[PDB]
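As a starting point, one isolated chain is supplied in structure tokens, in the form deposited in one PDB entry.
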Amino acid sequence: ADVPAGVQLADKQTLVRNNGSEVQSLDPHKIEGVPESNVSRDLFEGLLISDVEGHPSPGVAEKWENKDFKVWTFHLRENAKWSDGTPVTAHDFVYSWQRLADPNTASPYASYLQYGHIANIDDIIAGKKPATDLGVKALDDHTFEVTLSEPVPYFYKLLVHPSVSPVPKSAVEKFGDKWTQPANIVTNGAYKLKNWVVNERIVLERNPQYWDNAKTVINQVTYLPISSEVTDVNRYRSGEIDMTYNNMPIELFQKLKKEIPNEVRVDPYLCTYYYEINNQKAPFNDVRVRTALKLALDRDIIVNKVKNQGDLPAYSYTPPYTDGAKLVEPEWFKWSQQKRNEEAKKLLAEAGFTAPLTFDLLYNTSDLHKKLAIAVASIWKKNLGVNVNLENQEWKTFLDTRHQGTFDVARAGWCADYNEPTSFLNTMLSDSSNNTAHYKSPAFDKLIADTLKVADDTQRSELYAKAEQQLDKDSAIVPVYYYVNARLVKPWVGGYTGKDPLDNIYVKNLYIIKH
């Protein structure tokens, strides 16, 4: 943390945060969500971290070099330590990325190393070679070398993600799946796990082995798993919580805006809200059915009349304000709603539905989502005659259901892991481990794979625009809105600028002002 000369630090340095729901796990190779990542960044540190404005900065690596953006060399700081006082070395990385890549780990983010194009990743994912063949190696105890099969100029931006954080071999091998309990867990980020009471709370305390421990200010942090947005704002307003989760209730939002405007933080967020369709299940394997759903949803109504929190109406997967994006708005988005509706009733009738398509719409337990689900079910009923049945599951189960394919249409949100369009686009590759839409298009795949062979960034951005158009002509998903990051932060929380579009908060960077 960097307390501005002049301010007064509270006597007690503690912070309570709402995390939106119970984490899937705390093992870095088993998580995929925003809540899990929030906790993960306070416990595990990889080569690079983001600074307070979102820029990639030195983490365990102190310096790194590249040869043609193809061979990356990371020089780890000599004092990096695990909470057990043992040293973090490059072997910890080698082992770690080997475990992520390995099919027996079954990480939902196994594909992250195909996103970075580490040599031999495909064959390893496919079982043709063993994980030990991955293009990574410790040159010495402090130099970690990565070999990519293609130059990836943005490779260092991917490395702030939790999946590429190191995990401690000794604990993993002893304790297996139980290595993450308070008893056995071993960490290397600014914090270490104090307690973990499921459906109750996660409490972390400063880690004395941490290399930047001298700058760390907050001593204890509690992460709450509250999935009700009304309760989060209420317990905040009662003084029990310092920073809510960043999902605001439709209900009390404009209210709060009038009573406590400077506690209402609203910033650009690189996330898209959409209805994910299971592209493999009849009748959603028909493009006419997918397109009719896409067209008949009225975004003006959802974004400007039922949510009204500043979100922008969406026509693409990748948010147009992503660095490097240059998207074309499709025709359909320029029509009026009535014209989209006419066109949607004709594609359905052509696919054999009249007076009706019936299907389930799944959401994760939440006051916000339930509200938009009912609103969308009524809009699709009214505009298209489709009957929807609503289903709700808890966070963990919801994620498992989408990976497994046992849903029709699900409410979804994807946030960038690094600010570059492949952070979105790579999740639609046929073999991606994050492809919960189950979309498979050889034309899409080839557009993305060509992006690593162009010579220039301009060429690169034109293939990103054509990939978004290929996804839109397939109507793989139903784009709803590009998010704003809205949460409530108490006046006495310092360090949180809110200017990072990825929202990569580190508790080590915050500090409680005297109050």
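The first residue of the sequence shown is number 1, and the count goes up from there.
Just so you know, the form deposited in another entry exists too; it's not on screen, but the next bit is about it.
Domain assignment between the shown form and the other one: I260 and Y321 are placed in opposite rigid parts, by better superposition fit of each C-alpha. If you compare C-alpha positions, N278 and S163 are 3 angstroms or more farther apart in the other form than in the form on display. Relative to this form, in the other form the C-alpha atoms of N66 and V454 approach one another by 3 angstroms or more.
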